[PDB]
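So this first bit is one chain, no partners, the form deposited in one PDB entry, shown in structure tokens.
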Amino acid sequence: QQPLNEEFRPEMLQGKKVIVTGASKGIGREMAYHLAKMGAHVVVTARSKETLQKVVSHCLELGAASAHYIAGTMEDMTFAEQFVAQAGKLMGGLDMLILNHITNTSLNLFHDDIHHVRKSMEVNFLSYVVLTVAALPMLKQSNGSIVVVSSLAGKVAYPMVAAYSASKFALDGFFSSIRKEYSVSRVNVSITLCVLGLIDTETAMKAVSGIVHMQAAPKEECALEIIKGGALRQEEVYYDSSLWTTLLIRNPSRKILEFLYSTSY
């Protein structure tokens, strides 16, 4: 996967057609906003019809070539599959598929909550694969891009986020594998996996409350960096408050081994 060899410019997204999931609040909403500003066509999804509307309202006043919302729950794969189809039609195609939604989760020890483990895998991982399968044909059409939003909990181990973390790891294994598959079948669709540290979204802040005192990067800048990375067709993006974090969490060896086994066969 060849990343683009040039600085990012806002106009790279002008007239592009972008789906953003989990776009009712937090990072997703900010991403939708940023795309508005850049004159993108946008389709946002989430369960809350009401919050979804307010988002769309603002995306239009910000200069969005066109903005729609479609409400529904990614718990339901039939919905997920139909959503992409409806969004495809609402826009006349697709250039970027931003997968951002996660199931409601908070900080607990794993007290055998098997149900929350399964829901996490359905919502946080399985629906992404479904959404992807649905979007590929269109993405092949426009030589487009997939952006998978993930976390530090999706690269290293933390306590209190076992199911969540299981799901984010799943995304890495799966999407990094298909990235190789696309390379060798030469499909020109790029996959960008985003690894995020603490972000000051409402949900996160309430969840870590008093349980851990640590700096949180701004959601606005965070959302912009997810887009840029997706736009320059980078394989991975890293965003945290600390540079210590964002430089250290990258795994240099794994990338070397992978390449070393590609030349071998």
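Quick note: we count residues from 1 along the sequence shown, nothing fancier. We call the rigid core whatever largest set of C-alpha positions still superposes within 1.5 Å between the two forms. Only residues modelled in both forms are compared.
The discussion below concerns the form deposited in another entry, not included here.
J.: Core-aligned, is the CA shift for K206 between this form and the one not shown 2 angstroms or more?
T.: No; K206 is a residue whose C-alpha shifts by less than 2 Å between this form and the one not shown when the cores are overlaid.
J.: Quick one: core overlaid, is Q14 moving 2 Å or more at the Cα between this form and the one not shown?
T.: No.
J.: Are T203 and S241 closer or farther apart at the Cα level in that other deposited form than shown, by 3 Å or more?
T.: It is farther: in that other deposited form, the C-alpha atoms of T203 and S241 lie at least 3 Å more apart than they do here.
J.: Do the C-alpha atoms of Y238 and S241 sit closer or farther apart in that other deposited form than they do here, given a shift of 3 Å or more?
T.: Relative to the displayed form, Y238 and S241 draw closer in that other deposited form - a change of at least 3 Å between their C-alphas.
J.: Are there runs of at least three residues between this form and the one not shown whose C-alphas all move 2 Å or more relative to the rigid core, and where are they?
T.: After superposing the rigid core, the shifted stretches between this form and the one not shown are 210-214, 240-249.
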